[PDB]
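The form deposited in one PDB entry is given below as one chain in structure tokens.
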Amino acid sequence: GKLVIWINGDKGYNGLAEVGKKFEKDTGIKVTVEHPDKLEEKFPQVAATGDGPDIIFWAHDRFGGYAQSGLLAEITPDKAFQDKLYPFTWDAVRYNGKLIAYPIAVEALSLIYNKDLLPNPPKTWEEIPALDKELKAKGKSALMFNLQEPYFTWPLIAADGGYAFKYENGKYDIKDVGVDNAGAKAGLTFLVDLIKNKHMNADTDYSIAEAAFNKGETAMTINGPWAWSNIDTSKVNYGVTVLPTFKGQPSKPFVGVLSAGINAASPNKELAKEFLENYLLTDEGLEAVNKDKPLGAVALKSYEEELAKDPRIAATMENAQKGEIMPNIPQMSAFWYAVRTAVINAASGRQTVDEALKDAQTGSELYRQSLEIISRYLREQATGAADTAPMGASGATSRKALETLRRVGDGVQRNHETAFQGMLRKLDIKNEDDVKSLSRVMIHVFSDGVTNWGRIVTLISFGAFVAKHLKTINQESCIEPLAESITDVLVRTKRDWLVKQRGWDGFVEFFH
């Protein structure tokens, strides 16, 4: 047995390695803390084939997409163990009724300022530009933060009223997507104004900013608790405080809760359980990681009660209280691409903020209408009857793509019925992981091949043959998770092709 733990390079990995070394001394078992590049991207590729780490570490927002793929194993955390962590932290790691990952710590962006340069932090975002005038006079910069990640810019975009998905009575509504509304256009406009008014360069990354503030070159930065240790080490006189206001209202950061999930493919499930509950999630386990790089408002009540007495944590918690817990819906991986692209094209000057935000909002519309078209076809091909409920935006286009899918998709199923049958029988998809396995196989078979409407219809028709065969054994709960993945490989990995082919209109045009 062994334990391979993947965790982001910005988190305390040497501290976690000390926790695994402490576990190593009591079990023999080697714990290996690797911190790979583009972790949120690499984990899904490897763990789909069943080649990942035993324990994965990321903010909860990506775990809901991992669970739909079946890249995660369900955790069995005893009734007594759950009472040791905060109820809201367990809620962040709950997907479709099931706890999929372990809550570690609540993370939220706070404003970090140098007390020597600024005796006080500015109450508003609108007073940061004129501060730069008086700070440049002394050879300095007023504010520098990561402009590459939309996580760092979201609190300004969300302050006046921008949002990912609205929380309609215990659920997210993918029809109500506010990345285009006036509050987002106003927030992002102020950021673009700072680059137009030379107050900020539209190329500052995590390292540029961490160097600048910690060297004493910039007056304030934006960051999470993980960055505290490097400021502490730089000996800079700093204060962590509430984020400034935009247009009178607070900056609402997206609030992530660092989670610890176990690969479903992994053969060290019970080993990861003892490691996570009995070793890591204890005051001494979290104090070891926290000593390397601060976690934030930790899930563990025992250690959080102590940690609460730190005004840096109180600022973090007040900022978390003024922001929102990020959704864990599968669309989130795709949502972030759309939004990173928008923040990067607005700052880079490649686009107007109305355009950059539109192509981003449009990206969610392609995801919604696509999940609607695909799932409708697939569900009606198992029941044998149409759904009569409305579809919203681009309704007549989605209506025609369905009557186009029924004609062309049933032609593919008919003309290739002999072949589809052999493929479905040569797989023995009996249980849910076997079905989710297929989801990934067709996802990568289509992708590692040419992108055209022919192959799209083929991939969807096979999905409808599968939806018919799922129904046969009553475990037809995988139809929508299958329909949402075919949407993902399409609007996520082939976004540009679909947009170049005039969306679903080009498909209805294609076959006539």
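Take the two forms, find the largest set of C-alpha atoms that superpose within 1.5 Å, and that set is the rigid core. So that there is no doubt, residue numbering starts at 1 and follows the sequence shown.
**Q** For the higher mean C-alpha B factor in the entry, choose 340 to 348 or 150 to 158.
**A** Averaging CA B-factors over each stretch, the winner is 340 to 348.
**Q** Mean C-alpha B factor from the entry: is it higher for 72 to 80 or for 397 to 405?
**A** Of 397 to 405 and 72 to 80, the stretch with the higher C-alpha B-factor average is 72 to 80.
**Q** Looking at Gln361, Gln421, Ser333, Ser370, which has the highest Cα B-factor in the entry?
**A** It is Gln421.
**Q** Per the coordinate record, which of the options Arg376, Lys252, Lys136, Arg440 holds the highest CA temperature factor?
**A** In this record, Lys136 carries the highest C-alpha B-factor of the candidates.
**Q** What third of the chain, by the recorded C-alpha B-factor, contains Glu24?
**A** Highest third - that is where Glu24 ends up once the chain's C-alpha B-factors are sorted.
**Q** Could you look up the Cα B-factor of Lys235 in the entry and say which third of the chain it sits in: lowest, middle or highest?
**A** Its C-alpha B-factor, which the entry lists for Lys235, ranks in the highest third among residues of this chain.
**Q** Comparing against every modelled residue in the chain, figure out the third that the C-alpha B-factor of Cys478 lands in (lowest, middle or highest).
**A** Highest third.
**Q** Using the B-factor values recorded in the entry, state whether the Cα atom of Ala142 falls in the lowest, middle or highest third among the modelled residues of its chain.
**A** It falls in the middle third of the chain.
**Q** What third of its chain's C-alpha B-factors does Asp51 belong to: lowest, middle or highest?
**A** Highest third, going by the recorded CA B-factors of the chain.
Not pictured, yet referred to below: the form deposited in another entry.
**Q** After the core is matched up, is the C-alpha of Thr418 off by 2 Å or more between the shown form and the other one?
**A** Yes, shifts by 2 Å or more.
**Q** 2 Å or more on the CA of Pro481 between the shown form and the other one, with the rigid core superposed, yes or no?
**A** Yes, its C-alpha moves 2 Å or more.
**Q** I want to verify one pair: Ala265 and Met423. Are their C-alpha atoms nearer or more distant in that other deposited form compared with the form I supplied, knowing the change is 3 Å or more?
**A** So the answer is farther.
**Q** Once you compare with this form, do the C-alpha atoms of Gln381 and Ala67 lie closer or farther in that other deposited form, given a change of 3 Å or more?
**A** Between the C-alphas of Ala67 and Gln381, the gap widens in that other deposited form (3 Å or more compared with this form).
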